[PDB]
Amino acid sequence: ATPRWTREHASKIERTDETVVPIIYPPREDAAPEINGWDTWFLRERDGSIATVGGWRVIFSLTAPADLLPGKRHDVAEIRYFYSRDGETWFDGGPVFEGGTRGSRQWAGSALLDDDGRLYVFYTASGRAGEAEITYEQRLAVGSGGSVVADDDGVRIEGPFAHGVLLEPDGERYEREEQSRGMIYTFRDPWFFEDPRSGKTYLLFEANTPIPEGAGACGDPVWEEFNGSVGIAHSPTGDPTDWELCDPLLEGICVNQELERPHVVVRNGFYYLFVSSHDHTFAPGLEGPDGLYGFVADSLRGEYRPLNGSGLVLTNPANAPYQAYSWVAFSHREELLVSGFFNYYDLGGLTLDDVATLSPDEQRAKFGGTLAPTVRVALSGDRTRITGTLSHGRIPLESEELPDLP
């Protein structure tokens, strides 16, 4: 009996002063002017803390050339890494992988620097390598056996990498491309997670739960097409490359198709599950914004209930509604910090579909492709509140003091 994000929940979704981030203004100069970057994740230790190699943090982004049309970046996404000594001033480390990477292009995942010093970069293999025309087949892959070397000058990630597919949908608990009714199926965004209570090793991902035709599982057959779910796999050995599929943590059946970049933050006794979702991926009769949605339980595989009653944790203002996306939450002392990327801004009133109308120059003019100002939020049980922001893409360590709040 999988925990459900229900239509009764989504009906309550509504922008409030506690969930709306300030307006994002473009940062004064870019770390890589030639490159657009989105969907970023942190190099973490096994426990989940941000990894530090000779005083450097490492982060990973999906990247495309800046001269490319924003709407098309997803077809040629390549994983680059960046490194920083403070958490503000990031240096471009270049592409992480030299070749032998799975899929026509790579989508978001996670990064593990294991106790043994071995590097695992989990990613989504979209399509198949050297395919004729672009396909939308997603499988959870890993580039294993990496090395992270750090001097006083910077960080280089050195090869060779052993690329292999880890998981594909079973067709019973997790929908395959064949079973996809309505929009394209999801099976992506593999996020590594060691449960600090059990010690057991898991891998979360975004999937869909298959719904048979005429299942009656919803109060209207078209609602059944919106079958988004947060899937999880287990490693009995704790080997980061050996996984068995488990039952999904949470489903948004009749509510939403895309429960994107799922991840868990554990805070005192409690498991907060966070997913980023779109306005256009909501089932008909429901109205929610592009935002970070969140749920809480007393255990990793517990009865998740939505934060703030509706599930909406954080969103953009009505007058800049696509300015950020692909938020990733992480603990810092008594605060929760949330890092998205700077998405589409200065649309005036145009919808995202309408941005494909405009001249190439006018399209690139309305896309950030940098890290958003990281949001500071305060959790209090099943309730959240925005407390303020930091500099663009500040990822601080727990050993660092943050500025005071108003």
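One rule holds for the numbers: they count along the sequence shown, beginning at 1.
Of the two segments, 318-326 and 217-225, the one listed with the higher mean B-factor is 217-225 (C-alpha atoms only). Annotation for 56-64 versus 27-35: the higher mean temperature factor (C-alpha) is found in 27-35.
Of the candidates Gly154, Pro248, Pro190, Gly143, the deposited coordinates give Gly154 the top C-alpha B factor.
Of the candidates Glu78, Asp239, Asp195, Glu260, the PDB record gives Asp239 the highest C-alpha temperature factor. Placement of the Cα temperature factor of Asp361 within the chain: highest third of the modelled residues, per the deposited record.
When the modelled residues of the chain are ordered by C-alpha B-factor, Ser380 sits in the highest third.
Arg301: CA B factor in the lowest third of modelled residues in this chain (values from the PDB entry).
Among all modelled residues in its chain, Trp243 ranks in the middle third by Cα B-factor. Annotation for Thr370: CA B-factor lies in the lowest third of the chain's modelled residues.
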